[PDB]
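*Asks:* First to last, the protein sequences are chains C and A.
For the first sequence, the tail end lands on 59 under the entry's author numbering, and the numbers increase by one without skipping.
For the second sequence, the tail end lands on 59 under the entry's author numbering, and the numbers increase by one without skipping.
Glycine included, C-beta positions come from ideal geometry on N, C-alpha and C.
2 protein chains.
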Amino acid sequence: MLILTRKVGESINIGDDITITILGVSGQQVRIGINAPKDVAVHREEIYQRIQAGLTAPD
Amino acid sequence: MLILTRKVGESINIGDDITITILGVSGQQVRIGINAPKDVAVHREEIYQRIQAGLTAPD
RNA sequence: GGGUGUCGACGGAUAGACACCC
RNA sequence: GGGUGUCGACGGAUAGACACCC
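#1: 8 Å is my cut-off, CB to CB: does residue 38 (chain A) come that close to chain C?
#2: Where DSSP assigns a beta bridge to residue 47 (chain C), which residues make up the other side?
#3: Are residue 2 (chain A) and residue 34 (chain C) touching if we call contact CB-CB under 8 Å?
#4: When burial is assigned at 16 or more other CB atoms within 10 Å of the CB, is residue 42 (chain C) buried or exposed?
#5: Looking at the unbroken beta strand (DSSP E) that takes in residue 31 (chain C), where does it start and where does it end?
#6: What residues from chain A crowd round residue 6 (chain C), counting only those whose CB sits closer than 8 Å?
#7: Under three-state DSSP, which class holds residue 5 (chain A)?
#8: Closest by CA to residue 4 (chain A), which one among C:47, C:55, C:40, C:52?
#9: Using the beta-carbon of each residue, which ones in chain C are nearer than 8 Å to residue 82 (chain A)?
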């Protein structure tokens with residue numbers, strides 16, 4: 001676990017091919033943008049488990 | 001860019017070896033937790049540019 | 001046009017949808 | 001004990017630090 005703090009409108013990074021941007025917040029919601037090549041996957045934690053379980057939307 | 005929305009206390013995922021967690025907010029700050037192996041790097045956008053420019057802090 | 005909260009979404013979009021207030 | 005804003009940090013920690021108000 002590595003915690004960081006970020007004001008809305010700033011950015012964060014992962015690996016050498018991924019970037020993240022805190023687009024903003026509302027109440028307790030947070031718009032979080034991600035920038036990665038389709039060479040890698042990105043999903044919510046409630047969806048990531050499904051890409052690993054047998055799929056339901058291949059195409 | 002792939003935007004997502006998350007209430008504080010929930011999570012998101014990247015690749016097959018990284019996880020993210022919206023630990024919370026404060027004013028306009030956002031505590032963001034990250035969980036990845038030391039086999040890969042993770043930093044702020046104001047620090048990532050430095051791991052790509054030069055350093056001496058590593059082992 | 002602005003503010004606030006909530007929602008929906010394997011969505012790759014600096015994205016949307018709804019309600020309330022000015 | 002509670003609320004709010006800000007700060008610091010290549011830090012791998014559900015992490016810290018400060019100020020204001022009750």
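*Replies:* The short version:
#1: no
#2: Beta-bridge pairing links residue 47 (chain C) to no other residue.
#3: At the C-beta level, residue 2 (chain A) and residue 34 (chain C) come within 8 Å of one another.
#4: buried
#5: 29-35
#6: 29, 30, 32, 44
#7: Of the three classes helix, strand and coil, the one that applies to residue 5 (chain A) here is strand, per DSSP.
#8: C:47
#9: Look at the range of chain A in this structure, 1 to 59, and you will see that residue 82 (chain A) is not part of it.
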